[PDB]
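# Coordinate inspection notes
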6 protein chains.
Amino acid sequence: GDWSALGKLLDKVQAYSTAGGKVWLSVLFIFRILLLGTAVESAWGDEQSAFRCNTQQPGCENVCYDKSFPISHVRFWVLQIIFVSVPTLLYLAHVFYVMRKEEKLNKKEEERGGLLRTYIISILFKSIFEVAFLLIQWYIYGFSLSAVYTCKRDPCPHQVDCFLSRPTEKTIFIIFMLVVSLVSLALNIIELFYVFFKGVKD
Amino acid sequence: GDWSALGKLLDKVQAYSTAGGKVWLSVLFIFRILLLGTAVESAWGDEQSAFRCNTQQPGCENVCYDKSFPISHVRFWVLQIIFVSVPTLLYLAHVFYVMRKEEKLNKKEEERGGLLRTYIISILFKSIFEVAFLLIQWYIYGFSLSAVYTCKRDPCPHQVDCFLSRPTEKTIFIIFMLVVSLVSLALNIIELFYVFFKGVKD
Amino acid sequence: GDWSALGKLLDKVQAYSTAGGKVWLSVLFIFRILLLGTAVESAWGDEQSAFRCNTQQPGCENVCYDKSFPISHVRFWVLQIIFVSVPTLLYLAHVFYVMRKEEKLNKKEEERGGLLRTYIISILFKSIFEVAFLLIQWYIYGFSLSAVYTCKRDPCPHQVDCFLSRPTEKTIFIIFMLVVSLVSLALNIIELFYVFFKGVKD
Amino acid sequence: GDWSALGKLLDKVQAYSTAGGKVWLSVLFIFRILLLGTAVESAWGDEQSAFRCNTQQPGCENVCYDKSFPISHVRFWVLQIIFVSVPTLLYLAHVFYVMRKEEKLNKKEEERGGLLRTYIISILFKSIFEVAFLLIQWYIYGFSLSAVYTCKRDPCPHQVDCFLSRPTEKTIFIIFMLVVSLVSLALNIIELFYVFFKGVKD
Amino acid sequence: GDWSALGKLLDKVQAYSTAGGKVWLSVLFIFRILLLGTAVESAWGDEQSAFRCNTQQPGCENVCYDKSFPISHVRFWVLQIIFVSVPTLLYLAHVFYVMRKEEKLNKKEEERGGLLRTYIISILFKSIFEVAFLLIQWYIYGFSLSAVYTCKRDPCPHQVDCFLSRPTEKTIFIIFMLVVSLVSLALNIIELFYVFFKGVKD
Amino acid sequence: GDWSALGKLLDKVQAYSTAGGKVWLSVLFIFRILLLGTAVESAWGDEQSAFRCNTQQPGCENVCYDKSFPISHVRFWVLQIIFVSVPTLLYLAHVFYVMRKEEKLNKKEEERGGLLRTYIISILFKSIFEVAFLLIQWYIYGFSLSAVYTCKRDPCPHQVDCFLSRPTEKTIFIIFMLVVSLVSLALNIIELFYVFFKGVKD
Ligand SMILES: CC(C)CCC[C@@H](C)[C@H]1CC[C@H]2[C@@H]3CC=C4C[C@@H](OC(=O)CCC(=O)O)CC[C@]4(C)[C@H]3CC[C@]12C
Ligand SMILES: CC(C)CCC[C@@H](C)[C@H]1CC[C@H]2[C@@H]3CC=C4C[C@@H](OC(=O)CCC(=O)O)CC[C@]4(C)[C@H]3CC[C@]12C
Ligand SMILES: CC(C)CCC[C@@H](C)[C@H]1CC[C@H]2[C@@H]3CC=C4C[C@@H](OC(=O)CCC(=O)O)CC[C@]4(C)[C@H]3CC[C@]12C
Ligand SMILES: CC(C)CCC[C@@H](C)[C@H]1CC[C@H]2[C@@H]3CC=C4C[C@@H](OC(=O)CCC(=O)O)CC[C@]4(C)[C@H]3CC[C@]12C
Ligand SMILES: CC(C)CCC[C@@H](C)[C@H]1CC[C@H]2[C@@H]3CC=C4C[C@@H](OC(=O)CCC(=O)O)CC[C@]4(C)[C@H]3CC[C@]12C
Ligand SMILES: CC(C)CCC[C@@H](C)[C@H]1CC[C@H]2[C@@H]3CC=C4C[C@@H](OC(=O)CCC(=O)O)CC[C@]4(C)[C@H]3CC[C@]12C
Ligand SMILES: CC(C)CCC[C@@H](C)[C@H]1CC[C@H]2[C@@H]3CC=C4C[C@@H](OC(=O)CCC(=O)O)CC[C@]4(C)[C@H]3CC[C@]12C
């Protein structure tokens, strides 16, 4: 049970990458998924059951929660990490099929090119998605949470004060994820610069 | 432990497919199942416990919820994704048995045809199911949710106002799924056009 | 790691079956288990917590629920699908042991029969169980659910109105399962007719 | 990856068994564990939360529940199925070690007996445990449940009426398990009779 | 895929053990983990939600529960079973590394001792931990539970009566675990006596 | 299926380590993860639902809980154990790639150094993280919990007394984790001293 075809595929996929990029970028993905699945996912469990508002009006809590949180952070991060990893899978499948076709051609008729361009495009799109998600998060929420929220949506009469759950831990986790995203963006830009320098000097 | 029979089966199954269809259509299924299982399934958890109506009448909440939501979106999508994937499994089993029979025939007696038609039929049925589900969803619900619902079902007296849970996130997820379905439909139609052009020109 | 003994066992088990029966009957089992485990099992979760009755008498809700639902549909279906699949497992084990004994005999002493009857018996019993379960379900419940139930069991005084949870989705799922069961019954009867015709003409 | 040592161990373990016992007794274990893990385990979930008594005295519900149910049925059945399966595992380990020692002896010094007795003892103990558990269950509970219970334990004043959850489904499952246990006992006694007849006639 | 190195490691690890100890001690661990994970873990679920005290003072329930149960039984048993199994893992790793080093030495330079002492030390420490845990449990709790508890901790005024959940089942499980622990201790002492007798007579 | 490349990688990774460090440090990680995942994670489940304060003011409980527990202990420990294990994974990947490159070089052109420095750096960083986390925990919380907390945050009027859940078990687990961390730190420092002594004397 020798896993040599996996080695061939891995070597072909990582032909144009640097030595460092083969390590940090791979470990960061594992770090990200572990942190997302273990710690943060449980702090957001009681985000609506422990949300309280000061009023007797039936229906103000629902509308005020929907106004405060149009989309939860955890699902935003899940979307972010899904959109960032699909280009690599597409490239891997492309390489797999190309290798199979080349092997068939070699066995049948013996009885720098497109791949670099695809690699560059994938690396560009990953950074584009990172920047877009960061900008959207900055515009909608920010990078902090306050304990008291003021609601002025009907049928609440003239105003309402509402109180959040765990507004301090979530800030810490938000900052952690921001740092991780910035590190990933920098590591992805370095690869583009290296590739273009190699392609220009020679 | 060489997995060569899997390669033979894969090559036989994807004989008439294009180069692109071998990649995007496969990755889209993984994207779909991951998104369905991770993010959306948790937003619909408190769909009946956090549903509130303004009245003292016992029994109005149950009937009004049943009137508003005859069937949840998540289970509708589960049915949609199950009905779209069975034709491929049937075709795969058919090819498996045909290959086994051909091998037996070759070993025993040496001591464009039906498969294309089945492929075309499967591709047609997948698109048919996609369109049918989209039309049903458009007729029953639409592609948005409102925060306030008006109920006029007995025993509620003369009318009742009821309030939903997370009416903004669900709209976002609905739009995402709509886009995914449209992309899948287009990618399936392209294959039919390509196959018919190849079969007509030659 | 060649899986050839599995192939021998599979060919021996499916010797008397038709070409179609090797595909539809196998896929239907997967469809059934997936649908049972994913969608329906979650709709029946709040079947007793969201069941409400109009009264102040302590104890009427419990007795009225027990009177309305002597046994839940999901567990009835689990029993149905367990009782329908055991004959095949028994036949498979029988074939396995017979093959081992035949191999031992061949190696030791060289230093249409019972199996058809067992196959017929198993196919008969599967249909018998299907019909029995369908008849019991028809007699006890029917194939629909109503939103309001009338209870006349002690200690409830003179009568009580009670209200169910999700009475419309469950009807849809009931109809789905009924259709699946009918399809399975028809596909099983076809095999008996084919076998008897082959055994009579030759 | 040929699994021949597993075959040798299986043949050695089942040397003195009948043809039928190799099939029904093995399938019954799978049936038992599936039924225990899928259906019954969920019906007993709300056994204490939905238990209600008619009184204002704080503490009567706890003591009356503890008096009605000294031990739940599901855990009783788990103990029953654990105590019935350990002798076979002990015998299997004994055979494994004996085979290893015999192989070592054969390679080193070539440079009806105890096993039957152990088999008989294990078969006897399995039936003994079955009978003991059945008798205990008959003495403590019976084979049915009633909807209303009468409690006369302090601090409840002079008497209390309490009401159970799902008293009709549980009776059905109890009867099912009783039938399964009786079938297992009969199948185990048959093996003893067969073994003793073979050992006496020859 | 022959698993011969596993056999070598197993034979080396169990060189000084008796015939019986290779069976009962191994099966007892499986029995213990199964019983701990299946039955008992669910009876302790509602240990604080169903705990009730007779008073209106806010805060007496929390302090009285903390006074009654400084540590739950299930977690005590988890610690007990973890502390008893680590010496064997350490010894196994030691043997693994020693065997690798010996193989390297044999291939390089051909181009009763410490292990017994380690075995004895491990066997001693297992019994020491068993006895220590039993003594601590006897001192803190005992081997039974009563339904009514009397609390005299502030801010409760002058006294309070509190009521437990399932005080009869837990006694049964406690007795079961006590018996298992005693059996394990005896089986471990037998090995020490056998080893010392063999080492003294010869 | 011989796992010899795993052996080569393991021997290369642990070339500069002592004999003891190959055992205790590996077993301690398993001990840590088992203890974290089995016992402690369930004691912190009802940390906010069972937290109670004496007042009628809506919103004081949320703010007072957020003030008492800026971050839960379990998630702090998860972060601690994640930050301590990434350097080893980075070093392992580095060694893997270096070995592959060396093999390629050997096959192509035949048709104490950096690794020690990386090992030292990783060992230093692990201890640095341990010390930093211990200091932060000491500064923020301490190593004990009290049953009564005094809150002076708005909108609570002038003061509030609040009561915690399970304040005695958590102290025990905190002490356990502290001891484990200290042991790990000592075992890591020993390796640095040994390495430097070997590098200086020779
Ligand atoms: C549900 C299962 C069947 C499919 C889901 C898993 C895949 C989507 C995984 C398998 C390997 C993963 C990759 C492993 C590591 C990397 C690190 C990083 O890529 C790199 O830069 C690697 C270094 C390099 O090649 O230069 C970005 C994420 C990525 C591609 C991962 C993206 C997600 C991948 C493709
Ligand atoms: C529970 C387990 C035992 C069975 C359930 C899994 C199957 C139903 C999976 C295995 C592979 C899956 C397929 C993998 C990828 C594709 C992509 C797509 O098909 C294609 O067009 C592939 C590209 C081509 O062949 O042209 C539509 C879904 C489909 C068939 C998937 C449908 C679901 C399949 C058959
Ligand atoms: C927990 C694990 C170890 C055992 C539980 C799984 C088995 C009970 C499964 C394995 C394969 C399954 C079978 C696979 C497919 C078929 C389709 C169908 O049988 C057929 O008619 C197959 C076609 C034919 O042979 O003619 C009825 C169910 C059955 C026998 C399934 C019944 C359940 C089986 C035996
Ligand atoms: C957690 C894992 C690692 C161990 C737990 C599983 C075992 C305890 C299983 C493996 C195979 C099982 C056995 C498979 C089938 C049989 C049927 C039956 O035994 C027979 O009579 C078999 C027929 C015969 O040999 O005559 C009684 C239960 C028993 C021994 C089972 C008892 C439980 C066993 C030993
Ligand atoms: C019942 C027995 C006879 C067989 C079943 C147990 C084995 C599978 C155990 C015994 C010794 C274990 C090994 C002992 C020590 C280590 C710890 C660990 O060592 C490392 O590689 C540390 C990582 C690093 O090098 O930095 C990796 C797993 C490994 C090889 C263990 C793998 C599993 C082993 C082989
Ligand atoms: C999470 C995974 C990767 C590691 C956790 C599992 C181990 C800690 C297991 C593997 C085998 C187990 C052992 C299997 C059986 C025995 C029986 C018993 O030891 C004996 O006396 C065996 C008989 C003998 O050798 O004399 C005490 C527990 C012990 C060592 C077990 C302790 C726990 C062990 C080492
Ligand atoms: C989700 C899966 C795919 C990846 C997550 C698991 C890894 C991060 C594991 C695999 C082996 C583990 C290691 C096994 C044992 C050790 C013991 C210890 O390292 C040692 O000192 C080993 C002894 C030595 O080499 O001197 C510190 C933790 C470490 C490196 C572990 C850190 C976590 C590791 C790398």
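Residues numbered from 1 in each chain as written, not as in the entry; some residues may be left out. Chains lettered and ligands numbered in written order. Part of a larger assembly, values for the part shown. Heavy atoms only, no water.

Per the deposited record, cryo-EM is how this structure was determined, to a resolution of 3 Å.

## Focus on the site of ligand 4
All names here are of chain D. In the region of ligand 4, the neighbouring residues are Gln14, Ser17, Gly21, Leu25, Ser26, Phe29, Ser85, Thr88 and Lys126. Between ligand 4 and the protein, one listed contact pairs an oxygen atom with a side-chain N or O atom of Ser17 at 2.7 Å. Relative to its unbound accessible surface of 740 Å², ligand 4 loses 59% to contact with the protein. Those elements giving two or more residues to the shell around ligand 4 turn out to be α2 (24–43) and α4 (73–108). (Near = heavy atom within 4 Å. Polar contact = N/O pair within 3.5 Å; in protein donor to acceptor, adjacent residues only side chain to side chain. Areas by Shrake-Rupley, 256 points an atom, 1.4 Å probe, with all protein chains shown as cover. Helix = DSSP H or I, 4+ residues; strand = E, 2+ residues; numbered from the N terminus.)

## Considerations on the interface of chain F and chain A
Many descriptions give the size of an interface as the accessible area lost when the pieces come together. On the chain A side, the residues contacting the 25 residues of chain F number 29 residues. Buried area between chain F and chain A, summed over both chains or domains, comes out near 2,300 Å², and the portion from carbon and sulfur atoms is 64%. Looking at the side of chain F facing chain A, the largest losses of area belong to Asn62, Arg75 and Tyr97 of chain F, adding up to 25% of the total buried there. The interface formed by chain F and chain A holds three salt bridges in total. (Contact = heavy atoms within 4.5 Å. Buried area = accessible area lost by both parts, 1.4 Å probe. Salt bridge = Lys/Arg side-chain N within 4 Å of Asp/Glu carboxyl O.)

## Let's talk about the packing of aromatic side chains
One pass over the structure, following the stated rule, counts 72 aromatic pairs over all chains. Summarising the aromatic geometry, the rings of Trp44 of chain B and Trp77 of chain B are spaced 5.7 Å apart at their centres and angled 80° between planes, so their arrangement reads as edge-to-face. Taken together, the positions of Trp44 of chain B in the loop between α2 (24–43) and β1 (52–53) and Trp77 of chain B in helix α4 (residues 73–108) put the pair 33 residues apart, joining distant regions of the chain. Among the residues examined, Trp44 of chain B registers a relative accessible area of 5% and is labelled buried. What links up through ring pairs into an aromatic cluster is the set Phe31 and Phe176 of chain A together with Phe76, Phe83, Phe125, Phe129 and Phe133 of chain F. The cationic tip of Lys201 of chain D hangs over the ring face of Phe197 of chain D; the distance from NZ or CZ to the ring centre is 5.6 Å. (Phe/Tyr/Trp six-rings, centres within 6.5 Å; stacked < 30°, edge-to-face > 60°. Buried < 20%, exposed > 50% of the residue type's maximum accessible area, 1.4 Å probe, protein only. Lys NZ or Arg CZ within 6 Å of the ring centre and 35° of its normal.)

## Some details on the arrangement of the chains
The two units chain C and chain E never meet; even their closest C-alpha atoms stay 9 Å apart. The two partners chain C and chain F share no contact, and the minimum distance between any of their C-alpha atoms is 10 Å.

## Side note on the sheet that holds strand β1 (residues 52–53) of chain C
All names here are of chain C. On the basis of which strands lie adjacent, the open sheet formed by three strands has the order β1-β3-β2 and antiparallel pairing. On the outer flanks of this sheet lie β1 and β2 (148–151), each paired with one strand and no other. Looking at chain direction, β2 and strand β3 (residues 160–163) are connected through four bridges and run antiparallel. Note on β3: the bridge partner recorded for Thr150 is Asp161. Against the sheet, helix α3 (residues 60–68) contacts β1, β2 and β3, and its axis sits at roughly 110° relative to β2. (Pairing = 2+ DSSP bridges. Axes fitted to C-alpha atoms, helices over the stretch in contact; angles between N-to-C directions.)

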